[PDB]
Amino acid sequence: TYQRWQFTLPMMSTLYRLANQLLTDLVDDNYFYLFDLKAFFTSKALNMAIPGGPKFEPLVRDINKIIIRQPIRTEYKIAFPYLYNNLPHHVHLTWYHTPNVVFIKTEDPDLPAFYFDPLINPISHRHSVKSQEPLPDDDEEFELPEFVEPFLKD
Amino acid sequence: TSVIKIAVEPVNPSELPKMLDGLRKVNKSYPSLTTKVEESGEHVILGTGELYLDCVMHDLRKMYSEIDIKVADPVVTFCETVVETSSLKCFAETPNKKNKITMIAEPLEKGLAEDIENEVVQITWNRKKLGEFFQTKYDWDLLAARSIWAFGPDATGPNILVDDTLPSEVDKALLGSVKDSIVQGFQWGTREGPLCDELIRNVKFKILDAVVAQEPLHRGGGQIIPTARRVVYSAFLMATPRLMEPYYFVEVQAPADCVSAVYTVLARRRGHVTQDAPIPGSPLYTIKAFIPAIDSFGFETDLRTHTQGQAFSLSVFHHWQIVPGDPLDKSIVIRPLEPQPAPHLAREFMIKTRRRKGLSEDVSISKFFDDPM
Amino acid sequence: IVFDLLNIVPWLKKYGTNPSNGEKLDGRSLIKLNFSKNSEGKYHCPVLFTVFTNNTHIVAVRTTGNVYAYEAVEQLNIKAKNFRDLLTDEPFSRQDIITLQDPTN
């Protein structure tokens, strides 16, 4: 039937390599903040448009006291589609915030997999005095009977 | 603290009890949400953020009510203040022209209001410990340390009433009974505010004169609250009063090629950056900056849109700050829908705010100046 | 919901009822009131001096006949226990209080 496949991870990395040119490099949903299903159906029903986004028909078809420093914008009426948008219909819930993911690419092999990449910034753990604890001073008593080794040593 | 605001109105004004019920449901369910019923009868909600308010509108319009609820476009609440003291003594003589109070206004010591807010000083202390803190930390003077009366508007609030009628303090066996009445007027006024119906911020009213009428039945209690409010307002108005809006803080995570786009985004929204650094242990950058709030709408939307999801910001309340403007300048012209160039922000703020709340057209530095007519 | 006596006079004299309510009316209980004149001549609160516009709440002691801001009426009458007149000495029963306008009500 050729149904129901399973593979090995080196073959998985090889297929990733061969398809690298038809594969997006996106890990988070912070690209389509305003570009996703929710905000685009919002835009459809509100008859609103986003710069690089689709357009559609409409589903249907005082001056003194306004405080103005910067404009209440259309993408704003899409990102907060309930507030700056009077009379919402079929209006979806934006602001999904995926943590901006840190991803660092492997370029050349030597470079052990877990090594401080140049792009990452120095740690510099810095603050005031460290602290004290009632740490178990020696000369009172302690000692282990010996079998122990780290959980992975071999 | 609740600075962000929304103005709501149903498309059906007759379902208005239902939309009211819904605003009650969200005032119970969202613990930081405040509801106000403004001076023109409008519904307003006081909150703290944009996603916050959007949750509010989703839940009201859908799960706590079923109403088509129009929303206007938002604004932030301001505060009233003075940076200059009254050049003349500002007085109110009681209706029966027998009592009269003369007061002055002045700005407080810059950190005193913030200490009050943080709750490190309180009227609860005795006079001696109150003076202890005042003098030892702000080099305060003995006479006004003995005579600081009460805090306005609220228990932990940015304003003070001070006594300085030491020759007519000697009548204290009479001045005390009207002490409470004059401070009732004081707190009521310092809450309402003459300029644009926004709270007096970091101001201090000094009693330079208090002439009493020794008949308790005559002097009453219902005339010494309003006259005290009136001298509060006359001092505040003979001082050149200034507006204060919030300055929210923003912390940003942005890559190498995006901090300057963030710079343009902020300096577009009248912001300034206190911190620009690499994030220790991360390949990302941290950007700490401060922004005015009526520009802070759509800030994060457009900010992540500018570097395509790479920039990411959080914003919160930090403090209030003067907008560059003068409110009682009738020589300022404003076009009814274009924005304001920076010289005249407080003028538009005050006039548009009084009109939106529903108050009158003009305010005078001698509006409460009593009538010799 | 206020009016003038010199205005609703012929309507009430020729029809026993009025325009505010369809039910019958006695003319006598319509009580005199006087509103303050201020520096410009505006109708401003006697005790509070604040200027009245199309929107602000309107409060009065019908016993006292004075018309002063609801802000004044409350912050003088609620914080202190005095239900008395604001410009006069008249202690009044708070039930006599009337309001000419409150958009939120």
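Residue numbers (my numbering), protein chains in the order written: chain D, 5 to 158; chain A, 22 to 394; chain B, -1 to 103.
Beta carbons are placed, not taken as given, at the ideal position from N, Cα and C, and that holds for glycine.
*With distances taken Cα to Cα, identify the nearest neighbour of residue 344/A among 66/A, 47/A and 102/A.*
Taking the first residue of the second sequence as 1, we reach residue 344/A at position 323. The shortest C-alpha separation from residue 344/A is found at 102/A.
*Check whether the Cβ atoms of residue 77/D and residue 88/D sit closer than 9 Å, and answer yes or no.*
In the first sequence, the residue the question calls residue 77/D occupies position 73. In the first sequence, the residue the question calls residue 88/D occupies position 84. A Cβ-Cβ contact shorter than 9 Å links residue 77/D with residue 88/D.
*In this structure, does DSSP put residue 137/A in helix, strand or coil?*
As a first step, residue 137/A is located in the second sequence; it is residue number 116 there, counting from the start. Note: residue 137/A maps to helix in three-state DSSP.
*Establish whether the CB of residue 101/A and some CB of chain B are separated by less than 9 Å.*
Residue 101/A sits at position 80 when you count from the first residue of the second sequence. Proximity of residue 101/A to chain B, defined by a Cβ-Cβ separation below 9 Å, is not satisfied.
*Any idea if residue 2/B is buried or exposed, counting beta-carbon neighbours within 10 angstroms, 16 or more meaning buried?*
Residue 2/B sits at position 4 when you count from the first residue of the third sequence. Classification of residue 2/B: exposed, given that the 10 Å Cβ count is below 16.
*Of the residues 19/B, 59/B and 65/B, which one's Cα is nearest the Cα of residue 93/B?*
Counted from its first residue, the third sequence places residue 93/B at position 95. Sorting 19/B, 59/B and 65/B by C-alpha distance to the C-alpha of residue 93/B places 59/B at the top.
*Taking three-plus beta-carbon pairs below 8 Å as touching, is the segment 366 to 386 of chain A in contact with the segment 336 to 356 of chain A?*
Flag = yes, the segment 366 to 386 of chain A and the segment 336 to 356 of chain A touch.
*Counting pairs of Cβ atoms below 8 Å between the segment 93 to 104 of chain D and the segment 19 to 26 of chain D, do you hit three or more?*
Taking 8 Å as the limit for Cβ pairs, the verdict is that the segment 19 to 26 of chain D does not touch the segment 93 to 104 of chain D.
*So, does the CB of residue 289/A fall closer than 9 Å to a CB anywhere in chain B?*
As a working note, residue 289/A is residue 268 in the second sequence. Using beta-carbon distances, residue 289/A does not count as an interface residue toward chain B, since no partner is under 9 Å.
_Where residue 316/A meets chain D, residues with beta-carbon distance less than 9 Å_ = Sequence index remark: in the second sequence, residue 316/A carries index 295 (1-based). Per Cβ cutoff of 9 Å: 73 and 74.
*asked:* Since residue 42/B and residue 97/B should fall inside the 8 Å C-beta cutoff, what is the C-beta to C-beta distance between them, to a whole number of angstroms?
replied: For this step, residue 42/B is matched to residue 44 along the third sequence. For this step, residue 97/B is matched to residue 99 along the third sequence. In fact, because the Cβ distance is near 17 Å, the residues do not count as touching under 8 Å.
*Quick one: list the residues of chain A neighbouring residue 45/D, beta-carbon separation under 7 Å, in chain order.*
Sequence index remark: in the first sequence, residue 45/D carries index 41 (1-based). Result: empty, since nearest Cβ-Cβ is about 15 Å, beyond 7 Å.
*asked:* Does chain A have any CB closer than 9 Å to the CB of residue 118/D?
replied: The residue given as residue 118/D occupies position 114 in the first sequence. False, the Cβ-Cβ gap to chain A never drops below 9 Å.
*Which ranges would you report for the alpha helix (DSSP H) in the segment 67 to 108 of chain A if only whole runs of at least 4 residues count?*
Taken in chain order, the complete alpha helix (DSSP H) segments of 4 residues or longer contained in the segment 67 to 108 of chain A are 71 to 80.
_Check this for me: beta carbons of residue 213/A and residue 250/A, under 9 Å apart or not?_
The residue you call residue 213/A lines up with position 192 of the second sequence. The residue you call residue 250/A lines up with position 229 of the second sequence. Yes, these two residues count as a Cβ contact at 9 Å.
*Is it a yes or a no for the segment 12 to 25 of chain B touching the segment 277 to 286 of chain A, going by three-plus beta-carbon pairs under 8 Å?*
Segments in contact, no.
_Neighbourhood of residue 246/A by C-beta distance below 7 Å, restricted to the same chain and skipping five residues each side_ = Numbered from 1 along the second sequence, position 225 holds the residue referred to as residue 246/A. For residue 246/A, where only same-chain residues beyond five positions count, the Cβ hits under 7 Å are 202, 205, 206 and 209.
_Within the continuous beta strand (DSSP E) that includes residue 47/A, where are the two ends?_
For the purposes of this step, residue 47/A is taken as residue 26 along the second sequence, with counting starting at 1. Residue 47/A: not part of any beta strand (DSSP E); member of the alpha helix (DSSP H) spanning 37 to 50, first to last residue.
*Beta-carbon neighbours of residue 73/B, restricted to chain A and to distances below 9 Å*: If you number the third sequence from 1, residue 73/B lands on position 75. Within chain A, the residues 205, 206, 208, 209, 210, 212, 213, 246, 247 and 250 have their CB atoms less than 9 Å from the CB of residue 73/B, given in chain order.
*Would you mind working out which of 158/A, 231/A and 219/A sits nearest residue 193/A, comparing C-alpha positions?*
If you number the second sequence from 1, residue 193/A lands on position 172. Selected option, being the one with the closest Cα: 231/A.
*Roughly how many whole angstroms lie between the Cα atoms of residue 82/B and residue 118/A?*
For the purposes of this step, residue 82/B is taken as the residue at position 84 of the third sequence. For the purposes of this step, residue 118/A is taken as the residue at position 97 of the second sequence. Here the alpha carbon of residue 82/B sits roughly 18 Å from the alpha carbon of residue 118/A.
*Close Cβ partners of residue 216/A (< 7 Å) along its chain, the five nearest in sequence each way excluded*: By 1-based counting over the second sequence, the position of residue 216/A is 195. Within the same chain, 101, 262, 348, 371 and 384 come within 7 Å of residue 216/A by CB-CB distance, once the 5 residues on both sides are set aside.
*asked:* I'd like to know whether the C-beta atoms of residue 142/A and residue 129/A end up nearer to each other than 9 Å.
replied: Here residue 142/A is taken as the residue at index 121 of the second sequence, counted from 1. Here residue 129/A is taken as the residue at index 108 of the second sequence, counted from 1. No.
*Contact between the segment 328 to 335 of chain A and the segment 271 to 278 of chain A: three or more CB pairs below 8 Å?*
Segments in contact, yes.
*Three or more C-beta pairs closer than 8 Å, one from the segment 133 to 147 of chain D and one from the segment 62 to 70 of chain A: is that the case here?*
The segment 133 to 147 of chain D and the segment 62 to 70 of chain A do not touch, with fewer than 3 CB-CB distances between them shorter than 8 Å.
*Near residue 105/A, which residues of its chain fall below 8 Å by C-beta distance, leaving aside the five closest residues on each side in sequence?*
Working through the second sequence from its first residue, we reach residue 105/A at position 84. Counting only Cβ-Cβ distances below 8 Å, and skipping sequence neighbours, we find 127, 128, 260 and 261.
*asked:* Distance check for residue 67/D and residue 111/D, CA to CA, integer angstroms please.
replied: Position 107 of the first sequence, counted from the start, is the residue given in the question as residue 111/D. Position 63 of the first sequence, counted from the start, is the residue given in the question as residue 67/D. Rounded to whole angstroms, the separation of the alpha carbons of residue 67/D and residue 111/D is 59 Å.
*What does residue 2/B reach in chain A if we use C-beta pairs closer than 8 Å?*
Looking up residue 2/B in the third sequence gives position 4. None at all; the shortest Cβ gap to chain A is about 22 Å.
*Note down, in chain order, all residues in the segment 172 to 192 of chain A with a beta-carbon under 8 Å from any beta-carbon belonging to chain B.*
Those would be none; no residue qualifies.
*Hey, residue 88/A and residue 47/A: beta-carbon distance below 9 Å or not?*
Here residue 88/A corresponds to residue number 67 of the second sequence, with the count starting at 1. Here residue 47/A corresponds to residue number 26 of the second sequence, with the count starting at 1. Taking the C-beta atoms as reference points, residue 47/A is found no nearer than 9 Å to residue 88/A.
*Do residue 243/A and residue 78/B have their C-beta atoms closer together than 9 Å?*
By 1-based counting over the second sequence, the position of residue 243/A is 222. By 1-based counting over the third sequence, the position of residue 78/B is 80. Contact flag set, yes.
*asked:* I need the boundaries of the beta strand (DSSP E) containing residue 321/A, first residue and last residue.
replied: Counting from one through the second sequence, the residue named residue 321/A turns up at place 300. That residue, residue 321/A, is in no beta strand (DSSP E); its alpha helix (DSSP H) goes 320 to 327.
*Measure from the alpha carbon of residue 388/A to the alpha carbon of each residue in 11/B, 38/B and 27/B, then state which is nearest.*
Position 367 of the second sequence, counted from the first residue, corresponds to residue 388/A. Minimum Cα-Cα distance from residue 388/A among the listed residues 11/B, 38/B and 27/B corresponds to 38/B.
*If you draw a straight line from the alpha carbon of residue 393/A to that of residue 112/A, how long is it in whole angstroms?*
What you label residue 393/A is simply residue 372 of the second sequence in a count that begins at 1. What you label residue 112/A is simply residue 91 of the second sequence in a count that begins at 1. So the alpha carbons of these two residues sit roughly 12 Å apart.
_Below 8 Å on the Cβ atoms is my contact criterion, and I expect residue 218/A with residue 378/A to pass it. Report the Cβ-Cβ distance as a whole number of Å._
Residue mapping note: residue 218/A aligns to position 197 of the second sequence, counting from 1. Residue mapping note: residue 378/A aligns to position 357 of the second sequence, counting from 1. Confirmed, about 6 Å.
*Burial state of residue 183/A, where buried means 16 or more other Cβ atoms lie within 10 Å*: To locate residue 183/A, count along the second sequence from 1; it is residue 162. The residue in question, residue 183/A, is buried, as its Cβ has 16 or more Cβ neighbours within 10 Å.
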